[PDB]
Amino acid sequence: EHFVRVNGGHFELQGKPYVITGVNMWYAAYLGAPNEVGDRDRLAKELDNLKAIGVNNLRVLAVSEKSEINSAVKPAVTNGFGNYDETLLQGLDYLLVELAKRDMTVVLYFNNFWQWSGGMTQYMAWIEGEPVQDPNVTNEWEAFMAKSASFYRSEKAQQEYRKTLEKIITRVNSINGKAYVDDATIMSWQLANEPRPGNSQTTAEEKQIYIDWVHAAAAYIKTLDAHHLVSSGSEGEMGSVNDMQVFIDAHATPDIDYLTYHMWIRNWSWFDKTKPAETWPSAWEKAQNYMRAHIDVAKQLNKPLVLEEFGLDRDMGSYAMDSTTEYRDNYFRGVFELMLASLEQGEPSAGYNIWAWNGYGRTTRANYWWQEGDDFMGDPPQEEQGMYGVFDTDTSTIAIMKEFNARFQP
């Protein structure tokens, strides 16, 4: 009935301001699966805890592609082109039922620049008949990013991507009978997780191909669904080969309703998880500058801006649940403080989703590496289980979330 809408630099729900106070929980639809892959009891309990913490929004993976690397989710939704696991899609149906009971919404992304759900390189692997090279194994990240971006240039890949978009967007919820296009539980369709134009050596032509891809994919979604919001899933400038004009140009289309940015201060080498006291001051300077740069672009484009993915390691980079999270917590406080001031001042800061939510999920793997059958966590299968995720027992972090989730609410 009442869809999340955009009016200038803010979201509205029933004509009143709506601010995103969210988490990333990539696996929430997997948890809804009715078979051995799901954990529906846990899903309800997670959503109950999240609601009690003031969370109103999840950012969730809609679709994964079958992978034979050991840094990816298994099983997958798409077992070769066109071969969709309907039982797993019932998990998305179940998630949408559960969110609706709790007046929570979801942003659903349909692909992945990275390998942990197969994503763009898995499309290319199927097209080319060659195996994916897991960058966790090769350490050849520049090559990986070029390969992943070759997806935009493949007419076959785009045909298959549009078929996946159509498969999900035209779905009918098998449980409640709602057409997905009619379900206000869905806040936004999202093109991909962190689509980038390529690697550090991306050409001007490749930048334009990326810009045109964002425009055309967003336009395509609007032909299927004129009334849900559409976003790209971009990191911002860092996801635009460090070229803010690429970010602006890609998101200047009216078919992109709101803007996203992500911050990964450790991955970007601003913060050293083993030398946190030494590097935090400079990391924070860079983070606040990144926030301000994206808020300025949001003013230029007159669109809401959501910090939909940001996280930090536990203290000294520990993956252990009993390790402290002082640096993460103070990080989150700084971001929330700056964002709340921005919102108070009428700027397009429209909320956030912390990366990521582990909740009641647990690992008993000594090496913290996910194997098929293990609890799903906010940390996906390409990263140690415990790297960035917030556990239900992370009392300090949860208190900060609960506080700011309340303060951000109109």
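All residue numbers refer to positions in the sequence shown, first residue = 1.
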Mean Cα B factor from the PDB record: higher for 89-97, or higher for 133-141?
133-141
Using only the Cα atoms and their B-factors as the entry lists them, report which of 65-73 and 47-55 averages higher.
65-73
Could you tell me which one of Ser231, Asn199, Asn173, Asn330 shows the highest CA temperature factor in the PDB record?
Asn199
Identity of residue with top Cα B-factor, from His251, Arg314, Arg153, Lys303
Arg153
Relative C-alpha B-factor of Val390, binned into the chain's lowest, middle or highest third
lowest
Sorting by Cα B-factor within the chain, modelled residues only, which third would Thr78 end up in: lowest, middle or highest?
middle
Ranking the modelled residues of this chain by C-alpha B-factor as given in the entry, is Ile211 in the lowest, middle or highest third?
middle
Would you please rank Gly239 by its C-alpha temperature factor against the other modelled residues of its chain and give the third it falls in: lowest, middle or highest?
middle
Name the third of the chain's ranked CA B-factors that contains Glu194, choosing lowest, middle or highest.
lowest
